[PDB]
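Whatever order the structure lists ligands and atoms in, that order sets their numbers, starting from 1. Count residues from 1 along the sequence.
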Amino acid sequence: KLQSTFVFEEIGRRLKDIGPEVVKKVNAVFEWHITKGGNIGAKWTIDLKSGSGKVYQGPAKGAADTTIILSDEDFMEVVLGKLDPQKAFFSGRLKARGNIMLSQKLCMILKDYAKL
Ligand SMILES: COCCOCCOCCOc1ccc(C(C)(C)CC(C)(C)C)cc1
Ligand SMILES: [Cu+2]
């Protein structure tokens with residue numbers, strides 16, 4: 001059981017409401033590899049390229065623009081504000097592949113949706 005699952009499911013619920021506005025600012029597809037034992041326990045895609053966006057399990061149906069790899073616990077610590085994702089990147093706990101420049105847009109945008 002991964003705690004990250006609750007977050008991804010809630011994100012999916014959120015996008016059915018704020019999706020269209022999130023997809024216009026981001027315009028990208030994000031893949032997530034959540035580890036538990038250095039072992040990938042779950043893969044998630046957050047597609048923000050059309051409509052209201054979508055969250056689904058597994059690898060991206062097409063190319064992912066950015067892939068983020070981190071532990072279940074570290075993901076949760078970033079979600080709860082206890083671990084800065086940029087510090088985690090420079091420390092080696094958070095890995096990012098692909099277009100790392102796109103990673104900025106995502107946190108900032110949903111956060112601003114976390115204050116409404
Ligand atoms: C151009 O960037 C310079 C290098 O900095 C890299 C920073 O990388 C950290 C940002 O990547 C993340 C990591 C996690 C997240 C969260 C977990 C907040 C996204 C979420 C809540 C939608 C899962 C967002 C962006
Ligand atoms: Cu920033």
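Contacts between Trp32 and ligand 1, counted as non-hydrogen atom pairs separated by less than 4.0 Å, involve the side chain only. Heavy atoms of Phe75 found under 4.0 angstrom from ligand 1 belong exclusively to the side chain. Counting heavy atoms closer than 4.0 Å to ligand 1, residue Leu94 contributes side-chain atoms (C-beta onward) but none from N, CA, C or O.
Surrounding CD of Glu73 are at most 12 heavy atoms belonging to other residues, nucleotides or ligands under 6.0 Å away.
Assignment of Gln86 to the shell around ligand 1 is supported, since a heavy atom sits closer than 4.0 Å.
Within the cation-pi definition used here (under 6.0 Å to the ring centroid, within 45° of the axis), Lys61 qualifies as a partner of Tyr56.
Shown in contact with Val78 at under 4.0 Å from a heavy atom are these atoms of ligand 1, numbered in order with element: 17 (C), 18 (C). Listed by number with element, the atoms of ligand 1 under 4.0 angstrom from any heavy atom of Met101 are 1 (C).
Scanning for side-chain contact (heavy atoms from CB on, under 4.5 Å) contacts around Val55 gives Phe8, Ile11, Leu15, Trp44, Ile46, with sequence neighbours left out.
Scanning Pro85, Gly81, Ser4 for the heavy atom closest to atom 8 (O) of ligand 1 points to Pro85.
Between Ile100 and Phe89, the closest side-chain pair of non-hydrogen atoms falls below 4.5 Å.
Considering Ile69, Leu70, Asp72 as possible partners of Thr35, the one that fulfils the side chain to side chain contact (heavy atoms under 4.5 Å, CB included) test is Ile69.
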From CA spacing to verdict: side-chain contact (heavy atoms from CB on, under 4.5 Å), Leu48, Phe30: CA-CA 8 Å; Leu48 302 174; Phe30 296 88; 4.2 Å; yes

